[PDB]
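Enquirer: Have a look at this one before I ask anything.
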Amino acid sequence: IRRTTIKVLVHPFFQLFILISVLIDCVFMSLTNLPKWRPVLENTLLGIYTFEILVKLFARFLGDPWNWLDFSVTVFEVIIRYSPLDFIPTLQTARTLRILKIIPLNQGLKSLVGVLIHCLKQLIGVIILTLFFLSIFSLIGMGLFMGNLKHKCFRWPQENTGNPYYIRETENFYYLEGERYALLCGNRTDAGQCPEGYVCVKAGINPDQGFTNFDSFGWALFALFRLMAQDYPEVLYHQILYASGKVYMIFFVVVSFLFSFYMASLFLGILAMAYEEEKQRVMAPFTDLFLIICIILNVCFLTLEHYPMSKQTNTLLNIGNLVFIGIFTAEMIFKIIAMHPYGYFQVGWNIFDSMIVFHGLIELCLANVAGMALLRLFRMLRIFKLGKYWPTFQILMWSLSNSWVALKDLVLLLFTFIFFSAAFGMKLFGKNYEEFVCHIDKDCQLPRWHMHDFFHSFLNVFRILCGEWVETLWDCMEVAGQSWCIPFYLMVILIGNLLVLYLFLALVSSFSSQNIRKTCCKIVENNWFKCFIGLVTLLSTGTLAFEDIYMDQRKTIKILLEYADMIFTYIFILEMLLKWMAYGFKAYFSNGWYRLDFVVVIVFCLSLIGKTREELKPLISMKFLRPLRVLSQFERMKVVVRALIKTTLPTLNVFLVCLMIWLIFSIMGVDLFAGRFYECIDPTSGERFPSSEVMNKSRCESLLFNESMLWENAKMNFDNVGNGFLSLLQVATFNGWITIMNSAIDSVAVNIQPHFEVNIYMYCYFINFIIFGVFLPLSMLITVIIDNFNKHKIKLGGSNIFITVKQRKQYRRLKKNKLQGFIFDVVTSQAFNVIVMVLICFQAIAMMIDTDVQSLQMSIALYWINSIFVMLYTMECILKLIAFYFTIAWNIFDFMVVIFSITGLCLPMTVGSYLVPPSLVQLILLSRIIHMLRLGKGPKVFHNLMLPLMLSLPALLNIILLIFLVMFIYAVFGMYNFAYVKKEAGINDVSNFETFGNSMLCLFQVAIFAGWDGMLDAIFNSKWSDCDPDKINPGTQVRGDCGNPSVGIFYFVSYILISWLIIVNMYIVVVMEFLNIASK
Amino acid sequence: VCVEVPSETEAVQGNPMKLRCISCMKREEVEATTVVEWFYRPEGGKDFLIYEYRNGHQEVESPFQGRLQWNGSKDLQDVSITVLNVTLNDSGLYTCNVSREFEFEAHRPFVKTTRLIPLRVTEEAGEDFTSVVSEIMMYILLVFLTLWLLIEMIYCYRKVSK
Ligand SMILES: CCCCCCCCCCCCCCCCCC(=O)O[C@@H](COC(=O)CCCCCCCCCCCCCCC)COP(=O)(O)OCCN
Ligand SMILES: CCCCCCCCCCCCCCCCCC(=O)O[C@@H](COC(=O)CCCCCCCCCCCCCCC)COP(=O)(O)OCCN
Ligand SMILES: CCCCCCCCCCCCCCCCCC(=O)O[C@@H](COC(=O)CCCCCCCCCCCCCCC)COP(=O)(O)OCCN
Ligand SMILES: CC(C)CCC[C@@H](C)[C@H]1CC[C@H]2[C@@H]3CC=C4C[C@@H](O)CC[C@]4(C)[C@H]3CC[C@]12C
Ligand SMILES: CCCCCCCCCCCCCCCC(=O)O
Ligand SMILES: CCCCCCCCCCCCCCCC(=O)O
Ligand SMILES: CCCCCCCCCCCCCCCC(=O)O
Ligand SMILES: *[C@@H]1O[C@H](CO)[C@@H](O)[C@H](O)[C@H]1NC(C)=O
Ligand SMILES: *[C@@H]1O[C@H](CO)[C@@H](O)[C@H](O)[C@H]1NC(C)=O
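Protein chains in written order, with the working numbering: chain A, 1 to 1080; chain B, 1 to 162.
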């Protein structure tokens, strides 16, 4: 009856046979569209899986939750196929659930997922605190911005066909040249500005089919979840700063500081604790230099190949390759003489070197003609031969070899989940992408990104794991409706991020395994002398911010600054020639800081001679090095610069390996795409001709009867290794990568017009780059940074290396009635305190109900609610005054809140004036909700999760001040160089270098990687003469219009490097404090 | 990128002078058929004629030509004019009545913006007042700042003696 069952169930072939069966099912369901056999195969597998159920359920069955899936899927399928029911589309969806069986059928993955789901219960606190903060900031967002994005330029005075989903109302509203939505504008001085003959009005639809708005709760929470991911944010900043003033930019800074930094550091620190909690529970031999030189030259010969390339150097590189195989095939048949080869093929490296010599004597005889070009792609493998001599590469690779047995399961689980999500998405949404294609794309064709087939859905999932989700989710909601699309995307985002980050932590864990002399020597050191020159240093720094385009309009100020520069240089000269009196001449140059001061005195001297002669005027640019004087003046900066040197310079040793991998990928690109990105365009509209009209270049340059045509290159291309590195850097930051990938997948051959999506499989190149060149090296750097941070934390102890010795005492202080007015015995009661909290909560929930479109009977019934709440607060304040000081700080905050609330609800005595804006009082009352973080008066986990910010405020203050000084230097230098650039692409009416404010907003969105490519593509206006070298600019002494690519590239690359290195340390500072508190 | 700035209203015998005049467009993106007219400048009826712009430059066909030069920008955003060897007779108001027209292929709006400046060609320009008062203030400050140090390297020196 139930005896023989075991002899099947535990024999290993009953496992292997079903594993094979599932892999057949999931391949034939997905990587194939071959029909006329799908009515035979499914009726077979419905036999096998029923043999599985009718075996396994006799031995035991519901004791393991995986058996609920196995039974509940197959019983539903069996109810379908043979009964009158026929929900055929739903049947094929459920079968995709079988893919998940790979988890329980592989005990390793079953246990890994078991311990991961067990440890998931540590997160509940952070998830609630995050949703709490998102709710508060989305109420604030509804306060500041509700309704603003309906603003447009309305034609005034009013006077008396196609794809229906793209008609524009251009008779009534004003549109830019190519944009889909009307121009945003606002009444404020610094908002957008109407063209002449238009007036600002609130009318019609929001952007983005309505999905981008703050007009209700819900969508505001969508916007804040978008900002927390900081996914494609810069268009939202542009829209808000066009609908309202630049002053509102403070909001997005605060939001990105709280959410994109602190919360993510809490999640990362908790998962990094859970990982260790889990882990604790478990004949010419010597002559070599010749051959290493005959490696490095071979490396260099590979890099010189580019496009175009004349035959008289092609034959050079061809002989070079032949010569080097004429060396390697000598040395092999030297080493195969060491008595025998049975040691030769025993050592691990030679079972690679002999592959190199076999490849290099394939591609020389009968693979020269009629052979496939990708055979040459393997030539790059030669650079790894350099690794034989290089201990760092060897010991990293050895550290990877050690960890193999563990990483296997995490990689296989992640691949399983990607494949499941891809299949389930293809079956759930695929049909809609073609039934309603006309909403998604004009001319009614499938776009580049969709879900209509398995490969595009796979790419869409990999993209969601990279981020980028919002721009596809808009099309999902536009095509399939929101209630289906939202749960799918949110599932993929959450479980994806969890797996990706747990794998990142696993990699990091793997890798980590004459008395005048005494006079001057006193005058130099009295503290007043220090503070005076410090003040002069900050004055001499801040005065550079005034040199914007309005310099000639501020006619008076210029003359004052013109003399102030000479005052400042005089003071610094009498500083220098005093120190040399005091310290002794030689001891001045011994000390590194005074050397930097001396360089700044030279900058001041050169700057003042240069402006006296026109031929030396370029010297006046030198003064932008002045801010460097701050760095050596103030004690707080020096400790930070030393902590960055102490922590980050030792990473140089491993950085060369990452540069080697990037060089490998760059050559691997130059070989495969160079010269093929050329295309033939309409010279006015920039769109391409179709391949049917102008197949090759010869028609792109016809004999003048019809030549409305231009042949030109593409801004980003792989024509040589130096463009390769830049395109790779642009891929690595996920900025503009989609334009490169579109170029790649469209490309045919050197002189052939590129055609839409011909070799779609090239996405493997960028997938492989994203895996091996970015993700692994990044952790290879972070593990070294952490190892030195621990080293120094042990070499002296100390709260941090980022704080001055005075601040350590602050750190250690911070870490630490009778006259029948019996109201004292009442106001103290828990019963009163809980009531106060219930009031605060009700007032916030009674604020969530508000919406933009709203009937007056509701608006007044919200107004009298907020008035009742101000009455209750005033009554409790009056009662509190009987049981009694203004000594408690929170009791000052509450009394300020009450005064400000009434002086707003009633304004000036409830009749006095206007322009106190409605919904100010709501935010005033809302501010009290901060009480729900105090120790004795709220959920204890919110305090325990906020404690790291308290215990780390000083180091963050120091680091923020250094980031601000660096942003100041780069702002001034960019404000001097890139003004007057023609407005284009990512240079517009809000982000530009016209003034210090806009330059700071540019450098901010650069630091967050919110589209630096859109600025670089504007600086490259000279790349095809889209500019006017001599244009007069009104009101200004500067003629011309041109960027300079060579300076642009250097500027952006250096700023990105420095910012990333600082921000990484800023993350470390928080994560290690969380991990220190969590020790107890 | 455009900036609007007043003109100098002061001119020196025996030199040219530039009468700058700037009128920004609220949107830099659009295009407009500009017209520019400069008025007569005399102690009777000022409106008479100076140098008009229609589709190409034209001539004043009166006696206020020859000592004139077009110094305006290529796109007519700026319409500055230079007068040559200003003489004592030259004096009083100048007026520039620019006007523009836009074409959005729906409604054709028209806007007009006057701009007017006096000038007097004084016998010779005196020095600017600000650029001497500020040089006094600078030299005074640099005297004080160099007696202060000396006072210190008296007091401290005397203290160090012992
Ligand atoms: C399309 C959804 C948007 C519309 C509606 C939004 C509604 C609000 C959603 C409420 C979310 C509350 C928690 C938010 C946590 C976000 C995770 C996070 O950002 O923290 C870190 C990452 O998160 C984690 O490490 C932990 C995440 C685990 C949280 C959930 C555990 C498993 C829950 C599975 C349940 C399945 C849900 C099914 C839908 C009902 C930082 O990484 P990053 O996103 O900044 O960098 C991106 C790199 N590619
Ligand atoms: C022993 C002590 C251990 C203590 C641990 C403490 C850890 C300290 C924390 C250090 C702070 C780290 C700063 C940022 C961490 C987040 C890094 C990450 O998870 O992903 C990055 C990796 O970059 C990416 O490429 C994201 C997309 C990756 C695709 C995932 C697919 C790869 C999976 C295939 C596995 C095969 C691996 C090969 C195995 C041999 C994304 O960078 P970003 O956009 O968040 O940068 C911030 C922007 N200003
Ligand atoms: C650990 C973090 C703590 C979380 C708890 C936060 C709870 C605090 C909530 C209090 C928010 C304080 C904002 C008060 C600013 C008042 C905004 C306002 O309405 O100003 C009026 C005056 O206009 C101005 O903009 C003046 C300059 C104020 C703008 C400042 C915006 C930045 C606000 C920063 C939000 C961050 C607050 C949380 C800080 C932790 C706008 O009237 P309007 O007529 O122009 O608009 C309607 C016309 N259609
Ligand atoms: C000092 C005043 C005047 C300006 C504000 C200084 C500090 C707080 C500013 C300047 C640069 C800003 C940072 C710029 C980039 C990032 C990376 C992002 O992933 C999280 C936010 C974060 C970390 C910002 C936090 C706020 C920030 C650090
Ligand atoms: C309809 C799709 C559902 C898919 C998920 C089904 C539930 C899987 C649960 C697995 C739990 C693993 C842990 C078991 C207990 C342990 O080992 O601690
Ligand atoms: C932790 C789960 C939170 C889920 C929150 C989902 C909020 C996003 C969806 C907002 C939908 C708003 C109403 C849609 C219909 C409309 O536009 O009128
Ligand atoms: C204005 C340019 C940006 C400057 C950014 C860095 C500012 C550093 C401020 C340091 C404060 C030091 C306080 C003590 C000074 C003293 O002893 O007089
Ligand atoms: C493409 O070039 C070939 C020769 O290389 C030529 O025969 C053909 O006509 C060209 N295609 C055109 C002109 O469309
Ligand atoms: C320019 O403007 C007025 C417009 O009324 C015009 O009639 C006259 O010619 C000029 N007058 C002034 C004061 O600018």
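Beta carbons are placed, not taken as given, at the ideal position from N, Cα and C, and that holds for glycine.
Apply the 10 Å Cβ neighbour rule to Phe624/A and answer buried if 16 or more other Cβ atoms are within range, or exposed otherwise.
Expert: Counting Cβ neighbours within 10 Å, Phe624/A comes out buried, since at least 16 surround it.
Enquirer: The alpha helix (DSSP H) with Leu374/A in it runs from where to where?
Expert: Counting along the chain, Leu374/A falls outside any alpha helix (DSSP H), and DSSP gives it neither H nor E.
Enquirer: With distances taken between CB atoms, is the gap from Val98/B to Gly1035/A smaller than 8 Å?
Expert: no
Enquirer: Consider the C-beta atom of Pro1045/A and the heavy atoms of ligand 5; say whether any pair is separated by less than 7 Å.
Expert: no
Enquirer: With 8 Å as the threshold, decide whether the Cβ of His107/B is near any Cβ in chain A.
Expert: yes
Enquirer: So the candidates are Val235/A, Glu196/A, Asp70/A and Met29/A; which of them puts its Cα closest to the Cα of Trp1012/A?
Expert: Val235/A
Enquirer: The beta strand (DSSP E) with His151/A in it runs from where to where?
Expert: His151 to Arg155
Enquirer: Report whether the distance from the Cβ of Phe968/A to the nearest heavy atom of ligand 7 is below 7 Å.
Expert: yes
Enquirer: Which whole-angstrom value describes the C-beta separation of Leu19/B and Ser80/B, a residue pair presumed to lie in contact below a C-beta threshold of 8 Å?
Expert: 7 Å
Enquirer: Can you tell me whether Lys18/B is helix, strand or coil according to DSSP?
Expert: strand
Enquirer: Below 8 Å on C-beta distance, what does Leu141/B contact in chain A?
Expert: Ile567
Enquirer: My guess is that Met426/A and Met451/A are in contact by the Cβ rule of under 8 Å, so how many angstroms apart are they, rounded?
Expert: 6 Å
Enquirer: Check whether the Cβ of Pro918/A lies closer than 8 Å to any Cβ atom in chain B.
Expert: Taking Cβ atoms only, chain B never reaches closer than 8 Å to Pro918/A, which makes this a no.
Enquirer: For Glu37/B and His57/B, what's the separation of their Cα atoms in angstroms?
Expert: Pairing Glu37/B with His57/B, the inter-Cα distance amounts to about 11 Å.
Enquirer: Would you decide whether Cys841/A is buried or exposed? Buried here means 16 or more other CB atoms lie within 10 Å of its CB.
Expert: exposed
Enquirer: Could you pull the start and end residues of the alpha helix (DSSP H) that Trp528/A belongs to?
Expert: Annotation for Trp528/A: the continuous alpha helix (DSSP H) segment containing it runs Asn527 to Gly542.
Enquirer: Here's the rule: buried if 16 or more other CB atoms are within 10 angstroms of the residue's CB, otherwise exposed. What is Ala1018/A?
Expert: buried
Enquirer: Run through the DSSP bridge pairs and tell me what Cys680/A is partnered with.
Expert: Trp711/A
Enquirer: CB-CB under 8 Å to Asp787/A, same chain, minus the five flanking residues each way: which ones, in chain order?
Expert: Sequence-distant Cβ neighbours of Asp787/A in its own chain, meaning closer than 8 Å and more than five residues away, are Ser512.
Enquirer: Taking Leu726/A as the reference, which of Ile667/A, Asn696/A, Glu712/A and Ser692/A has the closest Cα?
Expert: Answer by Cα proximity: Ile667/A.
Enquirer: Using three-state DSSP, classify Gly204/A as helix, strand or coil.
Expert: coil
Enquirer: Count the other C-beta atoms from every protein chain shown that fall within 10 angstroms of the C-beta of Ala272/A, then say buried if there are 16 or more, exposed otherwise.
Expert: buried
Enquirer: Look up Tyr262/A in the DSSP assignment and give the residues it is bridged to.
Expert: Bridge partners of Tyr262/A: none, in fact.
Enquirer: Given that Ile22/B touches chain A, what residues does it touch there, using C-beta distances under 8 Å?
Expert: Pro1034 and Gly1035
Enquirer: Around ligand 7, which residues pass a check of Cβ closer than 6 Å to any of its heavy atoms?
Expert: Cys531/A, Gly534/A, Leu538/A, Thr541/A, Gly542/A, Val630/A, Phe634/A, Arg636/A, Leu961/A, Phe964/A, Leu965/A and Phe968/A
Enquirer: Considering only their Cβ atoms, is the gap separating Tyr811/A from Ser799/A smaller than 8 Å?
Expert: yes
Enquirer: Between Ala191/A and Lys26/B, what straight-line distance do the alpha-carbon atoms span, to the nearest angstrom?
Expert: Cα to Cα, the separation comes out at about 13 Å.
Enquirer: State the CB to CB distance for the pair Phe301/A and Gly320/A, rounded to an integer number of angstroms; the pair is presumed to be in contact (CB under 8 Å).
Expert: 5 Å
Enquirer: When the Cα of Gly675/A is compared with those of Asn717/A, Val641/A and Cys700/A, which residue comes out closest?
Expert: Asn717/A
Enquirer: Based on Cα-Cα distance, which residue from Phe996/A, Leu872/A, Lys880/A and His306/A lies nearest to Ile902/A?
Expert: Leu872/A
Enquirer: Shorter than 7 Å, the distance from the beta carbon of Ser927/A to the closest heavy atom of ligand 3, or not?
Expert: At a cut-off of 7 Å, the beta-carbon of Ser927/A counts as near ligand 3: some heavy atom of the ligand is closer than that.
Enquirer: If contact means a Cβ-Cβ distance below 8 Å, which residues of the stretch 528-543 of chain A contact chain B?
Expert: none
Enquirer: Tell me the rounded alpha-carbon separation between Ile167/A and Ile860/A.
Expert: 39 Å
Enquirer: Span of the beta strand (DSSP E) holding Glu101/B?
Expert: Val98 to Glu101
Enquirer: Near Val470/A, what residues of its chain come up, given a Cβ to Cβ distance below 7 Å and the 5 sequence neighbours on each side ignored?
Expert: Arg226, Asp231 and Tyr232
Enquirer: Considering only the alpha carbon of each residue, which of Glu171/A, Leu413/A and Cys521/A lies closest to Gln107/A?
Expert: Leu413/A
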